[PDB]
Amino acid sequence: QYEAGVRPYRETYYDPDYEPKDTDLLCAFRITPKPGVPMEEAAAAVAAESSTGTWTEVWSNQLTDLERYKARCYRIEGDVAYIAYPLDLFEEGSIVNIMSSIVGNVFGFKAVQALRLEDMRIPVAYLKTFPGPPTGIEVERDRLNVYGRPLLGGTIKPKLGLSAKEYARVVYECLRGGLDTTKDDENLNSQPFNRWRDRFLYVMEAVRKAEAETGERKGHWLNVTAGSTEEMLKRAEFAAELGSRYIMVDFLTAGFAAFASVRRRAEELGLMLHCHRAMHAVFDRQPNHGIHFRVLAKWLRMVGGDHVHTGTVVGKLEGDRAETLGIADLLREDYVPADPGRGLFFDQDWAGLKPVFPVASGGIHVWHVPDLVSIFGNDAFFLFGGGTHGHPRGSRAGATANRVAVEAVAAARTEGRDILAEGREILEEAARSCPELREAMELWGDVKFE
Amino acid sequence: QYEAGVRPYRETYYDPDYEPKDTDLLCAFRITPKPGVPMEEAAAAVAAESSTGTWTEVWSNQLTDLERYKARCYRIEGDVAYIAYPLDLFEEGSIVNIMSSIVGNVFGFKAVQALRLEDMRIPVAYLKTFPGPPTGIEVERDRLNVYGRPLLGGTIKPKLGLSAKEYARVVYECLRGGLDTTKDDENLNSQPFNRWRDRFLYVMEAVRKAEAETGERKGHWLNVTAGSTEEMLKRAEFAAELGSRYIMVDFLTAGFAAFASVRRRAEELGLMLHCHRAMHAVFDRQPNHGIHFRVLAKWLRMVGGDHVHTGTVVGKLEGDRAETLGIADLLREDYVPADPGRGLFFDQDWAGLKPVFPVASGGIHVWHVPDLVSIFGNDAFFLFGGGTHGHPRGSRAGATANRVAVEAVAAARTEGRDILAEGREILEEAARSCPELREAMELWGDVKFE
Amino acid sequence: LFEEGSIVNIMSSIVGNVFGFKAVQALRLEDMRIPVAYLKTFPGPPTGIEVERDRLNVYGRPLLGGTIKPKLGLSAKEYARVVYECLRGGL
Ligand SMILES: O=C(O)[C@@](O)(COP(=O)(O)O)[C@H](O)[C@H](O)COP(=O)(O)O
Ligand SMILES: O=C(O)[C@@](O)(COP(=O)(O)O)[C@H](O)[C@H](O)COP(=O)(O)O
Ligand SMILES: [Mg+2]
Ligand SMILES: [Mg+2]
């Protein structure tokens, strides 16, 4: 039955009658066809060229049962195509393989001028081949002995240029002042002005000093991001040898294959793994083309990060409130039902994988705390970089202002108060008893991001 | 001199009088500011948040000489911003670090609604920290014993679903019929229907069988892409054990850190490394946002791929001719001068690094050969997947057709003939002696992409 | 011309054979300009002045040292007795 020649993709790969199986992997693509290409043919091309098909009929199609393996577009709602992929198409436990199919080539076809992967339904049968986070929210709270509030953090600034000595000095001032954690900037790895061995040594010394002086458990997210998997693992081992509770990795710039290796070793070493999403905005910013972050967040939890940045909504970087509320649920809950209002196109069963800590960071200061607590609740990290070191009196006073603000708003929420309506009043009440908080509120009162 | 508060980014990070140094890393960004944000401020924000700055002044800025480490926008032409980065900002030999700075966070700022990295000037002093390709064009031509023509390849189809036995049957027919090489699809890793150990074994038996019957050297690009670096290295080692000349990696989905690890091991194993750019169109397609592929090509050559896909221009996937000509030079030449007509914003000295084979693949057939040879010349791989297996008489016949087409056009060019004006005649000439070629021309004569 | 990160290669070229030619009866290498692009292939000191001063907690003065004498002949026990006296005394 081999009939050589080109045929429309929709002949074989558009099936509006197909009923998805619980074992199918489902994708929701927002397709902008080339003018003149019908939506059905465009969605069939995506399905075909992300599973089994190519641009012309091949004699070798007779050597297998394509009906058993082909992906199928089974539903179209406007410019949104739903595609189902049989379980057997994917390599167990490999996000890399998911990407190679779902986003490998289908974004560059002339027939599809724009394409955005909006969401993906990971079947339970496939999730069971992934380990998920190595620590999880509950275990991490026990390790830090911190309950009932968000956790305080902050990126050391300037991003680059500080010696290891001056760098650990800022770390010490922050942790001493009330921050639970501090972190290397995503782009601080090992550079002539600040070599990783020096920084790890100096910083862990500052961590122990602040922990001893405050009586509270502290940590620093030592960035092991490096140019090769071997180098990253070497730095994770040094971090563990020094007694660090945490390491940090840029999981998108380093990449998913190496990220899996680091997550494996982090658990073996007893380290908690903070995951920075550097580069994500290259893929997930534009609504017409790319990969939505909620998909990257799912992949992140599947491989197993202990934290991942989720945006602030109200900070210097872009983030939608509704979509962020849905992403927090994808990271923390056992089961997330579909919700069009939040861009959740599918129900997501997490098959018992551990939850991930959301991390809100980027251009936030005290006045944002009511919003942040309203969005995330207690199970999140709030990071104040400039919002800490930019305090009129320096990092220690800035850390105190942010710690007090967060504890005051978290307490108000637990008391049943409306922290958005009474946000200002909650902060002013705490400011009367805290000069550092007052000075911070005066400094950045006029600083806002739409 | 520390004054707390928010300051304009351009006060420190915009310097239109700065003169770039030969040791500076230079970026060309096409910026779409948030409406109302001046171009100078947007460009300065990109510079500040990709180097040393943040959203508010910090007391710790006094602890280092930011003038020595800060990036600076030194030139703006309309919506293109040129930014210079001092050499000391970057970790030696780490593309991962380059990305963490240059594309880490600056694509997700509210103040910059779209941003595209158009080009990057890698300084010689930083290039000398990278190994480049392990094999290179010249050494590879010696290993295959092929000179004076493009090399023939082809992806096995259907992408997925073939058993290892049937998969190697298609491979043998292609190689027996005239293809120099065949390759696993980017998304074929190890799956229930086709496990990698089986495929590697079956395929290498087919490769040896075709090499003995043809008397020409053959290869198959065995995909080691996997969910972790360790697993990829394990599959590379098995490919070498079997005597394969090649392995293949999806260097963007696997990621740059694991890419470096596989490149290191490939050289140690004596393997040639084909690199598939799966996922590139997610962020190199749209002209308003992302990273142009020419930047990805430079990074690819620095880490050290032996080939990388470059597009076909005339095939099923999008690609501009002028931009592809420049990228081909970037992959193959020792020095590439700037050229506005091709989007080459900077001169690029390659500091003696070995060159990379361009690979043209995707929806091409015999009628495209005149264009392909005209674009790329002899130093390139042309891959015919569907264009081989879709032949009316099967893969071996298709391979003969494509092989005869490429050799006839390559011969015409070496004779001085204008292969674009006489492209059709050159192919009809060969068709009169090659029924396989004639059959292929009739089948796909009416199949064109814009 | 030079292998990255190899002082050994520098010497093999610059001072390998050219000091023993009949045509050049004496030759002295007075200085050498190491270009930045070649320097970036070398790691440099592992500690450095500043880090080392932090490890010893000594600032604002030269540091004191001293070779144990006699050069050779001291037992390990007596050798460490001299060391202790020196360090105890201010070195
Ligand atoms: O480099 C930066 O900008 C930060 O250190 C913030 O510093 P400030 O706290 O001084 O703003 C974080 O990496 C970003 O917030 C990441 O953005 P996201 O969390 O969206 O990935
Ligand atoms: O998956 C595919 O479509 C291919 O196997 C082509 O199959 P055909 O040869 O049957 O078209 C290649 O991976 C693409 O050409 C890659 O695109 P690029 O080279 O632009 O990365
Ligand atoms: Mg940062
Ligand atoms: Mg392919």
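Everything below is about the structure shown above.
Cut-offs used in this document
Residues numbered from 1 in each chain as written, not as in the entry; some residues may be left out. Chains lettered and ligands numbered in written order. Part of a larger assembly, values for the part shown. Heavy atoms only, no water. Contact = heavy atoms within 4.5 Å. Buried area = accessible area lost by both parts, 1.4 Å probe. Salt bridge = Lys/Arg side-chain N within 4 Å of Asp/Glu carboxyl O. Polar contact = N/O pair within 3.5 Å; in protein donor to acceptor, adjacent residues only side chain to side chain. Nonpolar A, V, L, I, M, F, W, Y, C, P; charged D, E, K, R; others polar. Axes fitted to C-alpha atoms, helices over the stretch in contact; angles between N-to-C directions. Helix = DSSP H or I, 4+ residues; strand = E, 2+ residues; numbered from the N terminus. Parallel < 35°, antiparallel > 145°, perpendicular 65-115°, else oblique. Buried < 20%, exposed > 50% of the residue type's maximum accessible area, 1.4 Å probe, protein only. Arc of directions from axis to C-beta. Near = heavy atom within 4 Å. Areas by Shrake-Rupley, 256 points an atom, 1.4 Å probe, with all protein chains shown as cover. Donors = N, O, S within 2.8 Å, 3.2 Å for Na, K, Ca; no water. Least-squares fit on C-alpha atoms. Pairing = 2+ DSSP bridges.

Draft legend 1. Examining the interface of chain C and chain A more closely. Contact with chain C, which involves 5 residues of that partner, is made by 5 residues of chain A. Contact between chain C and chain A buries roughly 390 Å² in total, counting both sides, with carbon and sulfur atoms accounting for 35%. With its nearest N and O atoms 3.1 Å apart, the salt bridge here joins A:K165 to C:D54. Between the two partners, chain C and chain A, sit 2 residue pairs in polar contact. Each residue belonging to the side of chain C that touches chain A can be placed in one class, and the counts come to 2 nonpolar, no polar and 3 charged.

Draft legend 2. Here's a closer look at the packing of helix α13 (residues 321–332) of chain B against helix α14 (residues 369–376) of chain B. All names here are of chain B. Direction vectors running N to C along α13 and α14 enclose 50 degrees, while the axes themselves pass 9 Å from each other. Here α13 lies oblique to α14, going by the angle between them. Counted together, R321, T324, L325 and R332 of α13 and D371, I375 and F376 of α14 form the full contact between these two elements. By residue class, the composition of the contact of α13 with α14 is 3 nonpolar, 1 polar and 3 charged.

Draft legend 3. Just helix α6 (residues 137–144) of chain A, in detail. Residue and element names in this part refer to chain A. By the burial criterion, the buried members of α6 are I137, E140, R141 and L144. Along the axis of α6, the buried positions cluster into a sector of 100 degrees, meaning they face one direction only. A positive phi of about 60 degrees marks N145, the residue just after α6.

Draft legend 4. Focus on the site of ligand 2. Neighbouring ligand 2 are 19 residues; A:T54, B:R277, B:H309, B:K316 and B:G386 lie closest to it. Near ligand 2, residues from chains A and B are present, making the site a shared one. Residue B:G362 places a main-chain N or O atom 3.2 Å away from an oxygen atom belonging to ligand 2. A distance of 2.8 Å is found between an oxygen atom of ligand 2 and a backbone nitrogen or oxygen belonging to B:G363. Contact with the protein chains covers 99% of the free accessible surface of ligand 2, which is 490 Å². Its residues assigned to classes, the shell around ligand 2 comprises 2 nonpolar, 10 polar and 7 charged.

Draft legend 5. Broad picture of the coordination of the magnesium ion (ligand 3). All names here are of chain A. Around the magnesium ion (ligand 3), the protein contributes the donor atoms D185 (OD) and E186 (OE), which lie 2.0 to 2.1 Å from the metal centre. The class of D185 is buried, set by a relative accessible area of 2%. The class for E186 is buried, based on a relative accessible area of 3%.

Draft legend 6. Region of the structure containing the coordination of the magnesium ion (ligand 4). At this site the magnesium ion (ligand 4) is bound by B:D185 (OD) and B:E186 (OE), with donor distances of 1.9 to 2.1 Å. For the pair formed by B:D185 and B:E186, the shared burial category is buried.

Draft legend 7. Fine view of the relation of the copies chain A and chain B. Superposing chain A onto chain B requires a rotation of 180 degrees together with a translation of 0.0 Å along the rotation axis, leaving an RMSD of 0.1 Å. Taken together, the rotation angle and the small translation identify this as a two-fold axis. Across chain A, the smallest distance between a C-alpha and the rotation axis is recorded for A:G255, namely 1.9 Å. Here 100% of the contact residues of chain A are again contact residues in chain B; the copies associate through an equivalent surface.

Draft legend 8. Highlighting the sheet that holds strand β7 (residues 219–223) of chain B. Residue and element names in this part refer to chain B. If you trace the 8 strands from one edge of the open sheet to the other, you get β5-β15-β14-β11-β9-β8-β7-β6, paired in parallel fashion. On the outer flanks of this sheet lie β5 (151–153) and β6 (181–183), each paired with one strand and no other. Each strand of the sheet is rotated relative to its neighbour by a mean of 25 degrees, with strand direction disregarded. Examined bridge by bridge, strand β14 (residues 357–361) and strand β15 (residues 381–383) share 3 bridges and lie parallel to one another. Residue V359 lies in a different strand from β15, and its bridge partner there is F381. Contacting β5, β8 (246–250), β9 (272–276), β11 (307–309), β14 and β15, helix α6 (residues 137–144) runs over the sheet at an angle of about 70 degrees to β14.

Draft legend 9. Structural detail: the interface of chain A and chain B. Tallying the contact residues gives 113 residues for chain A and 114 residues for chain B. When chain A packs against chain B, close to 8,800 Å² is buried across both sides, 56% of that on carbon and sulfur atoms. Counting across the interface, chain A meets chain B through 10 salt bridges. Put simply, B:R264 and A:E230 hold a salt bridge, and the shortest N to O gap is 3.1 Å. At the junction of chain A with chain B, the criterion picks out 79 residue pairs in polar contact.

Draft legend 10. Up close: the site of ligand 1. With respect to spatial proximity, 19 residues lie near ligand 1, and among them A:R277, A:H309, A:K316, A:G386 and B:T54 are the closest. More than one chain approaches ligand 1, the contributing ones being chains A and B. A distance of 3.0 Å separates an oxygen atom of ligand 1 from a polar side-chain atom of A:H276. Taking A:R277, its side chain carries an N or O atom lying 2.7 Å from an oxygen atom of ligand 1. Protein contacts shield 99% of the accessible area of ligand 1, which totals 480 Å² for the unbound molecule. Tallied by class, the residues present in the shell around ligand 1 amount to 2 nonpolar, 10 polar and 7 charged.

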